[PDB]
file work10.tsv (TSV, C-alpha atoms and all ligand atoms)
chain	number	residue	atom	x	y	z
A	1	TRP	CA	95.07	109.74	100.40
A	2	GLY	CA	98.33	108.51	101.83
A	3	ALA	CA	101.62	108.15	99.91
A	4	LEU	CA	100.65	105.46	97.38
A	5	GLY	CA	97.47	107.33	96.44
A	6	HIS	CA	99.22	110.65	95.88
A	7	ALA	CA	102.04	109.24	93.75
A	8	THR	CA	99.51	107.29	91.65
A	9	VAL	CA	97.35	110.35	90.94
A	10	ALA	CA	100.59	112.10	89.85
A	11	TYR	CA	101.78	109.31	87.51
A	12	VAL	CA	98.32	109.23	85.88
A	13	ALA	CA	98.55	113.01	85.37
A	14	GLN	CA	102.04	112.76	83.88
A	15	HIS	CA	100.61	110.53	81.16
A	16	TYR	CA	97.97	113.04	80.06
A	17	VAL	CA	99.81	116.37	80.12
A	18	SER	CA	100.72	117.80	76.71
A	19	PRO	CA	104.42	117.68	75.83
A	20	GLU	CA	104.62	121.52	76.05
A	21	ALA	CA	102.84	121.63	79.47
A	22	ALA	CA	105.19	118.92	80.67
A	23	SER	CA	108.17	121.00	79.85
A	24	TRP	CA	106.77	124.17	81.67
A	25	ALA	CA	106.03	122.07	84.81
A	26	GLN	CA	109.50	120.45	84.72
A	27	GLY	CA	111.05	123.90	84.37
A	28	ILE	CA	108.99	125.26	87.22
A	29	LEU	CA	109.86	122.21	89.42
A	30	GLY	CA	113.48	122.21	88.40
A	31	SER	CA	113.31	118.47	87.64
A	32	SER	CA	113.15	116.68	84.29
A	33	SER	CA	112.86	113.29	85.86
A	34	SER	CA	110.45	110.51	85.06
A	35	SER	CA	108.85	111.15	88.44
A	36	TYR	CA	108.82	114.90	88.14
A	37	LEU	CA	105.26	115.19	89.56
A	38	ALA	CA	105.08	111.91	91.51
A	39	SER	CA	108.14	112.60	93.66
A	40	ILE	CA	106.62	115.76	95.13
A	41	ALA	CA	103.00	114.59	95.38
A	42	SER	CA	103.23	114.21	99.18
A	43	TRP	CA	105.30	117.33	99.93
A	44	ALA	CA	102.30	119.25	101.32
A	45	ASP	CA	101.76	116.57	103.96
A	46	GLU	CA	105.40	116.78	105.08
A	47	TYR	CA	105.14	120.54	105.17
A	48	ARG	CA	102.18	120.62	107.53
A	49	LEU	CA	104.28	118.61	109.98
A	50	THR	CA	106.56	121.65	110.46
A	51	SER	CA	106.02	124.76	112.55
A	52	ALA	CA	106.35	126.79	109.36
A	53	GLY	CA	103.64	124.69	107.73
A	54	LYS	CA	101.09	124.09	110.52
A	55	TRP	CA	98.88	126.88	109.19
A	56	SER	CA	98.18	124.84	106.00
A	57	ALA	CA	96.56	121.81	107.67
A	58	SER	CA	93.03	123.06	107.00
A	59	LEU	CA	93.63	123.31	103.23
A	60	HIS	CA	93.62	119.56	102.77
A	61	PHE	CA	89.86	119.19	103.17
A	62	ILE	CA	86.42	120.73	103.34
A	63	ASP	CA	84.23	119.86	106.34
A	64	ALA	CA	80.84	119.64	104.63
A	65	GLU	CA	78.22	120.16	107.36
A	66	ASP	CA	75.58	117.77	106.05
A	67	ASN	CA	73.72	114.75	107.46
A	68	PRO	CA	75.02	111.38	106.21
A	69	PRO	CA	73.79	108.92	105.16
A	70	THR	CA	70.42	110.67	104.75
A	71	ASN	CA	71.64	113.87	103.14
A	72	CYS	CA	75.02	114.62	101.59
A	73	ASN	CA	75.73	118.09	100.23
A	74	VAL	CA	78.51	120.65	99.93
A	75	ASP	CA	78.10	124.41	100.21
A	76	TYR	CA	81.14	126.62	99.72
A	77	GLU	CA	80.19	129.51	101.99
A	78	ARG	CA	78.61	127.30	104.66
A	79	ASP	CA	81.48	124.80	104.81
A	80	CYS	CA	84.83	126.32	103.85
A	81	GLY	CA	85.44	128.29	107.07
A	82	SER	CA	87.65	131.07	108.41
A	83	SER	CA	91.00	129.41	107.93
A	84	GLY	CA	90.44	128.23	104.37
A	85	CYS	CA	89.69	124.84	102.84
A	86	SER	CA	90.63	122.74	99.77
A	87	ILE	CA	88.37	124.81	97.48
A	88	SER	CA	89.81	128.19	98.42
A	89	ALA	CA	93.29	126.71	98.21
A	90	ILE	CA	92.67	125.58	94.59
A	91	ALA	CA	91.67	129.14	93.71
A	92	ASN	CA	94.66	130.67	95.54
A	93	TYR	CA	97.33	128.55	93.93
A	94	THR	CA	95.85	128.30	90.40
A	95	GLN	CA	96.22	132.02	90.35
A	96	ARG	CA	99.71	132.02	91.91
A	97	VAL	CA	101.45	129.54	89.55
A	98	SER	CA	100.78	131.85	86.65
A	99	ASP	CA	101.32	135.12	88.38
A	100	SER	CA	104.32	136.98	86.69
A	101	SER	CA	105.07	139.23	89.77
A	102	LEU	CA	105.78	136.20	92.00
A	103	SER	CA	109.07	134.36	92.33
A	104	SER	CA	110.17	131.08	90.79
A	105	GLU	CA	110.00	129.27	94.02
A	106	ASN	CA	106.57	130.81	94.74
A	107	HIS	CA	105.52	129.11	91.48
A	108	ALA	CA	107.11	125.79	92.51
A	109	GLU	CA	105.28	125.92	95.82
A	110	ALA	CA	101.92	126.60	94.10
A	111	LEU	CA	102.36	123.72	91.64
A	112	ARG	CA	103.37	121.32	94.41
A	113	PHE	CA	100.22	122.35	96.32
A	114	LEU	CA	97.99	121.88	93.29
A	115	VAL	CA	99.37	118.39	92.58
A	116	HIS	CA	98.44	117.41	96.11
A	117	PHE	CA	95.07	119.04	96.70
A	118	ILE	CA	93.52	117.98	93.40
A	119	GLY	CA	94.16	114.41	94.60
A	120	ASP	CA	92.99	114.94	98.24
A	121	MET	CA	89.66	116.30	97.02
A	122	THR	CA	88.64	112.92	95.52
A	123	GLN	CA	88.92	111.06	98.87
A	124	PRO	CA	85.29	111.26	100.11
A	125	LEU	CA	86.18	111.65	103.80
A	126	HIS	CA	88.13	114.81	102.81
A	127	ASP	CA	84.78	116.39	101.91
A	128	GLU	CA	82.85	115.57	105.04
A	129	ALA	CA	82.68	116.91	108.63
A	130	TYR	CA	81.25	113.79	110.36
A	131	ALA	CA	83.41	112.34	113.15
A	132	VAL	CA	86.26	114.64	112.09
A	133	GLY	CA	86.31	113.33	108.51
A	134	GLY	CA	85.89	109.78	109.83
A	135	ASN	CA	89.02	109.93	112.03
A	136	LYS	CA	86.88	109.28	115.12
A	137	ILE	CA	85.28	106.14	113.67
A	138	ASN	CA	87.32	103.35	115.20
A	139	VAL	CA	87.06	100.08	113.24
A	140	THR	CA	88.77	96.70	112.69
A	141	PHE	CA	90.36	96.07	109.29
A	142	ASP	CA	92.26	92.90	108.47
A	143	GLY	CA	92.80	92.32	112.18
A	144	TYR	CA	94.14	95.79	112.95
A	145	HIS	CA	92.62	98.62	114.94
A	146	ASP	CA	92.40	101.49	112.49
A	147	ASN	CA	89.95	104.33	111.97
A	148	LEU	CA	87.73	104.79	108.88
A	149	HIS	CA	89.82	107.66	107.57
A	150	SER	CA	93.16	105.89	107.58
A	151	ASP	CA	91.59	102.84	105.94
A	152	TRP	CA	90.43	104.98	103.00
A	153	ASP	CA	93.66	107.04	102.81
A	154	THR	CA	96.12	104.22	103.28
A	155	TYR	CA	95.28	100.67	104.35
A	156	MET	CA	92.69	99.67	101.77
A	157	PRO	CA	94.76	101.11	98.85
A	158	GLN	CA	97.86	99.28	100.14
A	159	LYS	CA	95.84	96.09	100.62
A	160	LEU	CA	94.97	96.23	96.94
A	161	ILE	CA	98.46	97.08	95.59
A	162	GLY	CA	100.86	95.68	98.19
A	163	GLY	CA	103.24	98.54	98.98
A	164	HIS	CA	103.72	102.30	98.86
A	165	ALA	CA	107.00	102.71	96.98
A	166	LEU	CA	107.11	104.85	93.84
A	167	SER	CA	107.38	101.64	91.84
A	168	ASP	CA	104.04	100.47	93.31
A	169	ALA	CA	102.37	103.72	92.39
A	170	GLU	CA	103.87	103.52	88.91
A	171	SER	CA	102.35	100.08	88.27
A	172	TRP	CA	98.95	101.05	89.65
A	173	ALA	CA	98.91	104.13	87.40
A	174	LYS	CA	99.70	101.90	84.41
A	175	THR	CA	96.53	99.84	84.84
A	176	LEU	CA	94.48	102.95	85.48
A	177	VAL	CA	95.81	104.59	82.28
A	178	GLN	CA	95.00	101.42	80.30
A	179	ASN	CA	91.44	101.62	81.57
A	180	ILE	CA	90.96	105.29	80.71
A	181	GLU	CA	92.40	105.02	77.19
A	182	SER	CA	91.30	101.53	76.25
A	183	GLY	CA	89.06	100.05	78.91
A	184	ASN	CA	86.33	100.37	81.50
A	185	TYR	CA	86.74	104.09	82.10
A	186	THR	CA	87.01	105.25	78.48
A	187	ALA	CA	83.36	106.14	78.21
A	188	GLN	CA	83.35	107.94	81.63
A	189	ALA	CA	86.63	109.89	81.47
A	190	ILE	CA	85.29	112.94	79.59
A	191	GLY	CA	82.65	113.47	82.26
A	192	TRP	CA	85.31	113.76	84.98
A	193	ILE	CA	86.54	117.08	83.54
A	194	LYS	CA	83.42	118.30	81.83
A	195	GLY	CA	83.04	121.99	82.57
A	196	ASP	CA	86.33	122.41	84.47
A	197	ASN	CA	87.62	125.94	83.76
A	198	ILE	CA	90.66	127.57	85.35
A	199	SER	CA	88.90	130.92	85.07
A	200	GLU	CA	86.22	129.57	87.43
A	201	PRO	CA	88.23	127.70	90.12
A	202	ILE	CA	85.62	127.99	92.90
A	203	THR	CA	82.73	126.65	90.80
A	204	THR	CA	84.98	123.95	89.38
A	205	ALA	CA	86.43	122.83	92.72
A	206	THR	CA	83.00	122.87	94.40
A	207	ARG	CA	81.95	120.45	91.65
A	208	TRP	CA	84.86	118.10	92.45
A	209	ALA	CA	83.90	118.32	96.16
A	210	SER	CA	80.22	117.55	95.54
A	211	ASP	CA	81.12	114.56	93.32
A	212	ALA	CA	83.25	113.03	96.10
A	213	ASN	CA	80.91	114.06	98.94
A	214	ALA	CA	77.98	112.19	97.37
A	215	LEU	CA	79.88	108.92	97.84
A	216	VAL	CA	79.80	109.35	101.62
A	217	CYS	CA	76.09	108.58	101.60
A	218	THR	CA	76.09	105.78	99.04
A	219	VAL	CA	79.40	104.03	99.52
A	220	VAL	CA	81.39	105.13	102.56
A	221	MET	CA	78.80	104.79	105.32
A	222	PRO	CA	75.46	103.97	103.59
A	223	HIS	CA	74.05	102.43	106.78
A	224	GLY	CA	75.50	104.68	109.48
A	225	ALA	CA	78.76	104.28	111.42
A	226	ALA	CA	77.54	101.78	114.01
A	227	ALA	CA	77.23	99.25	111.15
A	228	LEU	CA	81.00	99.61	110.52
A	229	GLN	CA	82.28	99.23	114.09
A	230	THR	CA	81.21	95.71	114.57
A	231	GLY	CA	83.05	93.14	112.57
A	232	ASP	CA	86.20	93.13	110.62
A	233	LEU	CA	85.79	95.29	107.50
A	234	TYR	CA	87.67	92.77	105.39
A	235	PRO	CA	86.51	91.34	103.06
A	236	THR	CA	82.87	92.38	102.84
A	237	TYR	CA	83.12	96.16	103.32
A	238	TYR	CA	86.46	96.14	101.43
A	239	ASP	CA	84.88	94.41	98.46
A	240	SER	CA	82.06	96.95	98.29
A	241	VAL	CA	84.38	100.00	98.20
A	242	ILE	CA	87.61	99.07	96.43
A	243	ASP	CA	86.16	99.84	92.96
A	244	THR	CA	85.25	103.33	94.14
A	245	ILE	CA	88.80	103.93	95.44
A	246	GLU	CA	90.30	103.10	92.04
A	247	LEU	CA	87.71	105.28	90.33
A	248	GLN	CA	88.52	108.27	92.62
A	249	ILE	CA	92.30	107.94	92.15
A	250	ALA	CA	91.73	107.88	88.36
A	251	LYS	CA	89.53	111.00	88.44
A	252	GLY	CA	92.16	112.92	90.46
A	253	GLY	CA	94.87	112.03	87.97
A	254	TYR	CA	92.80	112.92	84.91
A	255	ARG	CA	91.61	116.23	86.41
A	256	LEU	CA	95.16	117.24	87.42
A	257	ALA	CA	96.43	116.60	83.86
A	258	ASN	CA	93.67	118.78	82.35
A	259	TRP	CA	94.20	121.55	84.90
A	260	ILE	CA	97.91	121.80	84.08
A	261	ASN	CA	97.14	121.78	80.34
A	262	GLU	CA	94.67	124.67	80.70
A	263	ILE	CA	97.09	126.72	82.81
A	264	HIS	CA	99.83	126.22	80.26
B	301	LIG	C1	97.83	131.77	99.39
B	301	LIG	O1	99.13	131.18	99.27
B	301	LIG	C2	100.15	131.83	100.05
B	301	LIG	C3	101.46	131.11	99.77
B	301	LIG	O2	101.49	129.82	100.35
B	301	LIG	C4	99.76	131.83	101.53
B	301	LIG	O3	100.76	132.52	102.31
B	301	LIG	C5	101.12	132.00	103.55
B	301	LIG	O4	100.12	132.38	104.51
B	301	LIG	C6	100.41	131.92	105.85
B	301	LIG	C7	99.23	132.31	106.75
B	301	LIG	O5	98.83	133.66	106.55
B	301	LIG	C8	101.72	132.54	106.29
B	301	LIG	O6	102.05	132.10	107.60
B	301	LIG	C9	102.79	132.11	105.31
B	301	LIG	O7	104.05	132.64	105.67
B	301	LIG	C10	102.43	132.61	103.94
B	301	LIG	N1	103.46	132.24	102.98
B	301	LIG	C11	103.79	133.04	101.97
B	301	LIG	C12	104.90	132.54	101.07
B	301	LIG	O8	103.22	134.10	101.70
B	301	LIG	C13	98.45	132.57	101.68
B	301	LIG	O9	98.08	132.60	103.06
B	301	LIG	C14	97.41	131.83	100.86
B	301	LIG	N2	96.13	132.52	100.92
B	301	LIG	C15	95.01	131.82	101.03
B	301	LIG	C16	93.74	132.63	101.04
B	301	LIG	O10	94.98	130.61	101.23
B	302	LIG	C1	85.59	102.05	119.57
B	302	LIG	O1	86.09	102.84	120.65
B	302	LIG	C2	85.88	102.37	122.02
B	302	LIG	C3	87.19	102.65	122.73
B	302	LIG	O2	88.26	101.91	122.16
B	302	LIG	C4	85.61	100.86	122.20
B	302	LIG	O3	85.03	100.63	123.48
B	302	LIG	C5	84.73	100.31	121.11
B	302	LIG	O4	84.57	98.90	121.24
B	302	LIG	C6	85.52	100.62	119.92
B	302	LIG	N1	85.19	99.82	118.79
B	302	LIG	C7	86.05	98.93	118.50
B	302	LIG	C8	85.69	98.23	117.20
B	302	LIG	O5	87.04	98.93	119.21
B	303	LIG	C1	85.95	129.35	80.41
B	303	LIG	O1	85.38	130.57	80.93
B	303	LIG	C2	85.21	131.69	79.97
B	303	LIG	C3	84.08	132.55	80.52
B	303	LIG	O2	84.54	133.41	81.56
B	303	LIG	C4	84.83	131.26	78.50
B	303	LIG	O3	85.05	132.33	77.58
B	303	LIG	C5	85.57	130.01	78.07
B	303	LIG	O4	85.12	129.58	76.79
B	303	LIG	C6	85.17	129.02	79.14
B	303	LIG	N1	85.18	127.63	78.72
B	303	LIG	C7	86.28	126.93	78.51
B	303	LIG	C8	85.94	125.51	78.12
B	303	LIG	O5	87.40	127.40	78.59
B	304	ZN	ZN	96.02	112.73	100.90
B	305	ZN	ZN	93.46	111.93	104.66
B	306	ZN	ZN	96.70	116.12	102.15
B	307	ZN	ZN	97.97	107.51	76.33
call {"tool": "encode", "arguments": {"input": "work10.tsv", "output": "C-alpha cells"}}
result
Amino acid sequence: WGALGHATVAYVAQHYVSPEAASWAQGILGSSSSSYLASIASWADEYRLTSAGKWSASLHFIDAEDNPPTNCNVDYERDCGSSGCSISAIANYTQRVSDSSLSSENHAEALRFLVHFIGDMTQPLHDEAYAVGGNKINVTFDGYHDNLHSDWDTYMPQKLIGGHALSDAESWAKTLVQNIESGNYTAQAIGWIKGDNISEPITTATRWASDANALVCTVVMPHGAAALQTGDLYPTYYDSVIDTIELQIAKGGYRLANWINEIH
C-alpha cells in the first residue's frame, strides 16, 4: 500500500490496542499523539529511499513462485530468498522490540517496521512474484497509464477515498472500525487473527501471506494479465476489486492491534 493505506491500517490498529499496550508503544515511539502509529506508518518506505536503507527493500514483500491464476501458493523456504522477505522481517523485529539488551531506538525502529510490514503483507501483489509483483503489468486506469501494482497500492484506494492526507486515512479508518465492531465485518473479524501467536512468528506470518496470495488467483488477475491490458480498468475491474481492498486494509489493522497487545 501507498500512504493512505498505511495510515489507515495504523488508525484501525490504534482503536483496538489495549490502553496499557498503547502507553508502552507511545513510550517506545516517544510520541503521545493521536496519530502516534499513523504518523510513522510510511517511515520504512522513506528509509529504503536512502543509501543507509537500500538493503531493506526486499523486506516489503515475498515473491511467491507460483502459477497464477491456475495455482496460487506460498512456501516460506522456496520463496523468501537470500536477502530476506516480509515473513523473516516479522520474525526479526517481533523479537527485537522486546529484547532487553537492545537500545531504545533499536526498539523504536523495530516497532516502526512492524507497523509497516503487517500492512504491506495484506496487499496481494506483495505476496506474488509474477511480473515483478505486478509492476510490469502496464494498464489504463481512469485515463492514466499506470501499472497493476501502483493501482492496488495507491490509485484505486485514492479513487475510493479522495486524498491521502492523515485526515483522509482517519475517516476511512472510522468506517472500517464501525464495520468491525457493529457491521459487515463483525462476524469475520475473529477469523483474521485466529491462531496468531507471537511465539510462532514464521507460521503466523506465512498464514497472513497465504491469505493474501490466494486473492491473486481469484480477484487480482482471475483471467490472466492480457485481460487487464486492454480497456480502461475503471469502472468494471475497479468495481470487482474495491471490496477486497477495504477488506485487506481492515485485516491489516486488526492484526497489527492484536500483535501489539500480545507483545505487551
Ligand atoms: C534484523 O534487524 C536489524 C536491525 O534493522 C538488521 O540490521 C541491519 O542489517 C543491515 C544488513 O546487514 C545493515 O546494513 C544495517 O546496518 C543493520 N542495522 C542494524 C541497526 O543492525 C538485521 O540485518 C535484520 N536481520 C534480518 C535477518 O533481517
Ligand atoms: C504495454 O506496454 C507496451 C509498451 O508501452 C505497449 O505497446 C502496450 O500497448 C502497453 N499496453 C498499454 C495498455 O499501453
Ligand atoms: C502460543 O504458543 C504457545 C506454545 O509454544 C502456547 O503455550 C500458547 O498457549 C499459544 N497460544 C496462544 C493463543 O498464545
Ligand atoms: Zn505499502
Ligand atoms: Zn507496493
Ligand atoms: Zn512497504
Ligand atoms: Zn471500539
call {"tool": "closest_atom_pairs", "arguments": {"input": "work10.tsv", "of": "chain A", "to": "ligand ZN 306 (chain B)", "cutoff": "12 Å", "atoms": "only C-alpha atoms and all ligand atoms", "output": "Markdown table"}}
result
| residue | atom | partner | partner_atom | distance |
| --- | --- | --- | --- | --- |
| A:1 | CA | B:ZN306 | ZN | 6.8 |
| A:2 | CA | B:ZN306 | ZN | 7.8 |
| A:3 | CA | B:ZN306 | ZN | 9.6 |
| A:5 | CA | B:ZN306 | ZN | 10.5 |
| A:6 | CA | B:ZN306 | ZN | 8.7 |
| A:41 | CA | B:ZN306 | ZN | 9.4 |
| A:42 | CA | B:ZN306 | ZN | 7.4 |
| A:43 | CA | B:ZN306 | ZN | 9.0 |
| A:44 | CA | B:ZN306 | ZN | 6.5 |
| A:45 | CA | B:ZN306 | ZN | 5.4 |
| A:46 | CA | B:ZN306 | ZN | 9.2 |
| A:47 | CA | B:ZN306 | ZN | 10.0 |
| A:48 | CA | B:ZN306 | ZN | 8.9 |
| A:49 | CA | B:ZN306 | ZN | 11.2 |
| A:56 | CA | B:ZN306 | ZN | 9.6 |
| A:57 | CA | B:ZN306 | ZN | 7.9 |
| A:58 | CA | B:ZN306 | ZN | 9.2 |
| A:59 | CA | B:ZN306 | ZN | 7.9 |
| A:60 | CA | B:ZN306 | ZN | 4.7 |
| A:61 | CA | B:ZN306 | ZN | 7.6 |
| A:62 | CA | B:ZN306 | ZN | 11.3 |
| A:85 | CA | B:ZN306 | ZN | 11.2 |
| A:86 | CA | B:ZN306 | ZN | 9.3 |
| A:89 | CA | B:ZN306 | ZN | 11.8 |
| A:112 | CA | B:ZN306 | ZN | 11.5 |
| A:113 | CA | B:ZN306 | ZN | 9.2 |
| A:114 | CA | B:ZN306 | ZN | 10.6 |
| A:115 | CA | B:ZN306 | ZN | 10.2 |
| A:116 | CA | B:ZN306 | ZN | 6.4 |
| A:117 | CA | B:ZN306 | ZN | 6.4 |
| A:118 | CA | B:ZN306 | ZN | 9.5 |
| A:119 | CA | B:ZN306 | ZN | 8.1 |
| A:120 | CA | B:ZN306 | ZN | 5.5 |
| A:121 | CA | B:ZN306 | ZN | 8.7 |
| A:122 | CA | B:ZN306 | ZN | 10.9 |
| A:123 | CA | B:ZN306 | ZN | 9.8 |
| A:125 | CA | B:ZN306 | ZN | 11.5 |
| A:126 | CA | B:ZN306 | ZN | 8.7 |
| A:127 | CA | B:ZN306 | ZN | 11.9 |
| A:153 | CA | B:ZN306 | ZN | 9.6 |
| A:154 | CA | B:ZN306 | ZN | 12.0 |
call {"tool": "write_last_selection", "arguments": {"input": "work10.tsv", "atoms": "C-alpha atoms", "output": "JSON list (two decimals), in the frame of the given file"}}
result
[["chain", "number", "residue", "atom", "x", "y", "z"],
["A", 1, "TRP", "CA", 95.07, 109.74, 100.40],
["A", 2, "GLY", "CA", 98.33, 108.51, 101.83],
["A", 3, "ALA", "CA", 101.62, 108.15, 99.91],
["A", 5, "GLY", "CA", 97.47, 107.33, 96.44],
["A", 6, "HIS", "CA", 99.22, 110.65, 95.88],
["A", 41, "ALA", "CA", 103.00, 114.59, 95.38],
["A", 42, "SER", "CA", 103.23, 114.21, 99.18],
["A", 43, "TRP", "CA", 105.30, 117.33, 99.93],
["A", 44, "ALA", "CA", 102.30, 119.25, 101.32],
["A", 45, "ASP", "CA", 101.76, 116.57, 103.96],
["A", 46, "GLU", "CA", 105.40, 116.78, 105.08],
["A", 47, "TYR", "CA", 105.14, 120.54, 105.17],
["A", 48, "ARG", "CA", 102.18, 120.62, 107.53],
["A", 49, "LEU", "CA", 104.28, 118.61, 109.98],
["A", 56, "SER", "CA", 98.18, 124.84, 106.00],
["A", 57, "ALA", "CA", 96.56, 121.81, 107.67],
["A", 58, "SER", "CA", 93.03, 123.06, 107.00],
["A", 59, "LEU", "CA", 93.63, 123.31, 103.23],
["A", 60, "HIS", "CA", 93.62, 119.56, 102.77],
["A", 61, "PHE", "CA", 89.86, 119.19, 103.17],
["A", 62, "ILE", "CA", 86.42, 120.73, 103.34],
["A", 85, "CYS", "CA", 89.69, 124.84, 102.84],
["A", 86, "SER", "CA", 90.63, 122.74, 99.77],
["A", 89, "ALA", "CA", 93.29, 126.71, 98.21],
["A", 112, "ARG", "CA", 103.37, 121.32, 94.41],
["A", 113, "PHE", "CA", 100.22, 122.35, 96.32],
["A", 114, "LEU", "CA", 97.99, 121.88, 93.29],
["A", 115, "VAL", "CA", 99.37, 118.39, 92.58],
["A", 116, "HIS", "CA", 98.44, 117.41, 96.11],
["A", 117, "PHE", "CA", 95.07, 119.04, 96.70],
["A", 118, "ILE", "CA", 93.52, 117.98, 93.40],
["A", 119, "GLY", "CA", 94.16, 114.41, 94.60],
["A", 120, "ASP", "CA", 92.99, 114.94, 98.24],
["A", 121, "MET", "CA", 89.66, 116.30, 97.02],
["A", 122, "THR", "CA", 88.64, 112.92, 95.52],
["A", 123, "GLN", "CA", 88.92, 111.06, 98.87],
["A", 125, "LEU", "CA", 86.18, 111.65, 103.80],
["A", 126, "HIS", "CA", 88.13, 114.81, 102.81],
["A", 127, "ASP", "CA", 84.78, 116.39, 101.91],
["A", 153, "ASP", "CA", 93.66, 107.04, 102.81],
["A", 154, "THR", "CA", 96.12, 104.22, 103.28]]
call {"tool": "closest_residue", "arguments": {"input": "work10.tsv", "among": "A:105, A:246, A:181, A:232", "to": "ligand ZN 307 (chain B)", "atoms": "all atoms listed in the file"}}
result
A:181
call {"tool": "closest_residue", "arguments": {"input": "work10.tsv", "among": "A:253, A:201, A:69, A:143", "to": "ligand LIG 303 (chain B)", "atoms": "all atoms listed in the file"}}
result
A:201
call {"tool": "residues_near_point", "arguments": {"input": "work10.tsv", "point": "(103.1, 98.9, 99.6)", "cutoff": "12 Å", "atoms": "only C-alpha atoms", "output": "ChimeraX atom specification"}}
result
/A:2-5,7,154-172
call {"tool": "axis_aligned_box", "arguments": {"input": "work10.tsv", "around": "ligand LIG 302 (chain B)", "padding_each_side": "5 Å", "output": "lines of an AutoDock Vina configuration file"}}
result
center_x = 86.4
center_y = 100.5
center_z = 120.3
size_x = 13.7
size_y = 14.6
size_z = 16.3
call {"tool": "residues_near_point", "arguments": {"input": "work10.tsv", "point": "(86.7, 95.4, 109.4)", "cutoff": "12 Å", "atoms": "all atoms listed in the file", "output": "MDAnalysis selection string"}}
result
chainID A and resid 137:148 151 155:156 227:239
call {"tool": "closest_atom_pairs", "arguments": {"input": "work10.tsv", "of": "chain A", "to": "ligand LIG 303 (chain B)", "cutoff": "7 Å", "atoms": "all atoms listed in the file", "output": "Markdown table"}}
result
| residue | atom | partner | partner_atom | distance |
| --- | --- | --- | --- | --- |
| A:195 | CA | B:LIG303 | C8 | 6.4 |
| A:197 | CA | B:LIG303 | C1 | 5.1 |
| A:199 | CA | B:LIG303 | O1 | 5.4 |
| A:200 | CA | B:LIG303 | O1 | 6.6 |
call {"tool": "atom_distance", "arguments": {"input": "work10.tsv", "atom1": "CA of residue 124 in chain A", "atom2": "CA of residue 211 in chain A"}}
result
8.6 Å
call {"tool": "closest_residue", "arguments": {"input": "work10.tsv", "among": "A:103, A:240, A:182, A:135", "to": "ligand LIG 302 (chain B)", "atoms": "all atoms listed in the file"}}
result
A:135
call {"tool": "residues_near_ligand", "arguments": {"input": "work10.tsv", "ligand": "ligand LIG 301 (chain B)", "cutoff": "7 Å", "atoms": "only C-alpha atoms and all ligand atoms", "output": "list in words"}}
result
residues 55, 84, 88, 89, 92, 93 and 106 of chain A
call {"tool": "decode", "arguments": {"input": "work10.tsv", "residues": "range 40-51 of chain A", "atoms": "N, CA, C and O atoms", "output": "mmCIF file, in the first residue's frame"}}
result
data_model
loop_
_atom_site.group_PDB
_atom_site.id
_atom_site.type_symbol
_atom_site.label_atom_id
_atom_site.label_comp_id
_atom_site.auth_asym_id
_atom_site.auth_seq_id
_atom_site.Cartn_x
_atom_site.Cartn_y
_atom_site.Cartn_z
ATOM 1 N N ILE A 40 3.896 7.408 11.584
ATOM 2 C CA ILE A 40 5.130 6.731 11.222
ATOM 3 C C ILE A 40 4.888 5.463 10.406
ATOM 4 O O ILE A 40 5.816 4.686 10.162
ATOM 5 N N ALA A 41 3.652 5.282 9.942
ATOM 6 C CA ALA A 41 3.284 4.094 9.170
ATOM 7 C C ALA A 41 4.008 3.950 7.824
ATOM 8 O O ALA A 41 4.127 2.838 7.309
ATOM 9 N N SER A 42 4.480 5.058 7.253
ATOM 10 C CA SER A 42 5.200 5.023 5.982
ATOM 11 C C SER A 42 6.705 5.246 6.116
ATOM 12 O O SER A 42 7.396 5.319 5.103
ATOM 13 N N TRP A 43 7.218 5.330 7.342
ATOM 14 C CA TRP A 43 8.649 5.557 7.538
ATOM 15 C C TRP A 43 9.537 4.557 6.802
ATOM 16 O O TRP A 43 10.516 4.960 6.173
ATOM 17 N N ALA A 44 9.192 3.271 6.847
ATOM 18 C CA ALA A 44 10.007 2.258 6.185
ATOM 19 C C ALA A 44 10.146 2.488 4.679
ATOM 20 O O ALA A 44 11.117 2.053 4.067
ATOM 21 N N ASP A 45 9.157 3.114 4.056
ATOM 22 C CA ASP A 45 9.265 3.368 2.631
ATOM 23 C C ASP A 45 10.252 4.501 2.385
ATOM 24 O O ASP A 45 11.017 4.462 1.431
ATOM 25 N N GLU A 46 10.239 5.500 3.259
ATOM 26 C CA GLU A 46 11.147 6.645 3.136
ATOM 27 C C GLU A 46 12.569 6.177 3.371
ATOM 28 O O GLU A 46 13.500 6.576 2.671
ATOM 29 N N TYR A 47 12.718 5.272 4.323
ATOM 30 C CA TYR A 47 14.018 4.745 4.672
ATOM 31 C C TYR A 47 14.677 3.995 3.531
ATOM 32 O O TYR A 47 15.880 4.142 3.307
ATOM 33 N N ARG A 48 13.914 3.205 2.789
ATOM 34 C CA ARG A 48 14.525 2.446 1.709
ATOM 35 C C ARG A 48 14.985 3.359 0.570
ATOM 36 O O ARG A 48 15.754 2.957 -0.289
ATOM 37 N N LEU A 49 14.556 4.611 0.591
ATOM 38 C CA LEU A 49 14.980 5.554 -0.435
ATOM 39 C C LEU A 49 16.351 6.170 -0.112
ATOM 40 O O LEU A 49 16.827 7.043 -0.843
ATOM 41 N N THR A 50 16.970 5.743 0.987
ATOM 42 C CA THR A 50 18.271 6.270 1.378
ATOM 43 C C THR A 50 19.337 5.202 1.196
ATOM 44 O O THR A 50 19.033 4.000 1.213
ATOM 45 N N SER A 51 20.586 5.639 1.052
ATOM 46 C CA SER A 51 21.690 4.707 0.893
ATOM 47 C C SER A 51 21.768 3.811 2.117
ATOM 48 O O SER A 51 22.016 2.614 2.005
#
